[PDB]
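# Inside the fold
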Amino acid sequence: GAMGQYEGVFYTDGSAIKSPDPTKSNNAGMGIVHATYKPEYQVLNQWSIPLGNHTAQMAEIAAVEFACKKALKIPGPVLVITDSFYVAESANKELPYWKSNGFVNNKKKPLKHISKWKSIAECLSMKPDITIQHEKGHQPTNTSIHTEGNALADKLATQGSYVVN
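Summarised in this report is the structure supplied together with it.

Reading the values: the criteria
- Residues numbered from 1 in each chain as written, not as in the entry; some residues may be left out.
- Heavy atoms only, no water.
- Helix = DSSP H or I, 4+ residues; strand = E, 2+ residues; numbered from the N terminus.
- Rg over C-alpha atoms; globule rule 2.2 N^0.38 Å.
- Buried < 20%, exposed > 50% of the residue type's maximum accessible area, 1.4 Å probe, protein only.
- Pairing = 2+ DSSP bridges.
- Axes fitted to C-alpha atoms, helices over the stretch in contact; angles between N-to-C directions.
- Contact = heavy atoms within 4.5 Å.
- Parallel < 35°, antiparallel > 145°, perpendicular 65-115°, else oblique.
- Nonpolar A, V, L, I, M, F, W, Y, C, P; charged D, E, K, R; others polar.

### Examining the overall build of the protein chain
Check the secondary structure of the protein chain and you find 4 helices and 5 strands. Secondary structure elements in the protein chain, listed N-terminal to C-terminal, are β-β-β-α-β-α-α-β-α. Relative to its length of 165 residues, the protein chain is compact, with a C-alpha radius of gyration of 16 Å against a globular reference of 15 Å. If you line up the protein chain on its principal axes, its C-alpha atoms span 50 × 40 × 30 Å. Classification of the 165 residues of the protein chain by burial places 36% in the buried group.

Structural data, given as structure tokens:
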């Protein structure tokens, strides 16, 4: 109804693991889940992107950029949901809002991670059809359709950590 009809939905997740050896290093991975609005809710496919020299914060923002390009790539509009509101609202408003200030957040401090936002700006610049949403945590209500994607994305993110050590 109000949601409308989109080609599908993209759920991204980010996780990181700390070890005693890599004191100044952590293992993080990204998990993306694709869903559809057909008459039967089902994941079209799963995506895992293990990071080597990245951090949990970078895995969360990188997860939104990943589906971001894959979302617009589709010949139709897609919805992208993330477990971080900052990153989500980032490509949702900061992306276009920062461009107005020349990729700058406030005059007091410059925009951070501009390179990461620059890549997402190239996709969102092609068309706002890319919708961004922020997960409400894990199992926020007795029943939730978005929560299901969070479970599949959580497993993909954990598998990314096993890909690197």
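### Concerning the sheet that holds strand 4 (residues 78-82)
Read across the sheet, 5 strands follow the order 3-2-1-4-5 without closing on themselves; strand pairing throughout is mixed. Each edge of the sheet is formed by a strand with only one pairing partner; in this case those strands are strand 3 (43-51) and strand 5 (131-134). Sheet twist, expressed as the average angle between the axes of neighbouring strands with direction ignored, equals 20 degrees. As paired elements, strand 1 (residues 8-18) and strand 2 (residues 26-35) share 10 bridges and run antiparallel to each other. Each bridged residue has a counterpart across the sheet, and for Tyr-11 the counterpart in strand 2 is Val-33. The sheet strands contacting helix 1 (residues 56-73) are strand 1, strand 2, strand 3 and strand 4, and the helix crosses strand 1 at an angle near 160 degrees. Packing against the sheet, helix 2 (residues 85-100) makes contact with strand 4 and strand 5, and its axis sits at approximately 160 degrees to strand 5.

### Here we look at the packing of helix 2 against helix 3 (residues 114-126)
Viewed as axis vectors pointing N to C, helix 2 and helix 3 meet at an angle of 80 degrees, and their least axial separation amounts to 10 Å. Taken together, the axes of helix 2 and helix 3 lie roughly perpendicular to each other. Contacts between helix 2 and helix 3 involve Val-87, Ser-90, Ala-91, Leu-95, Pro-96 and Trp-98 on the former and, on the latter, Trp-117, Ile-120, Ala-121 and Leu-124. Here the contact of helix 2 with helix 3 is built from residues that sort into 9 nonpolar, 1 polar and no charged.

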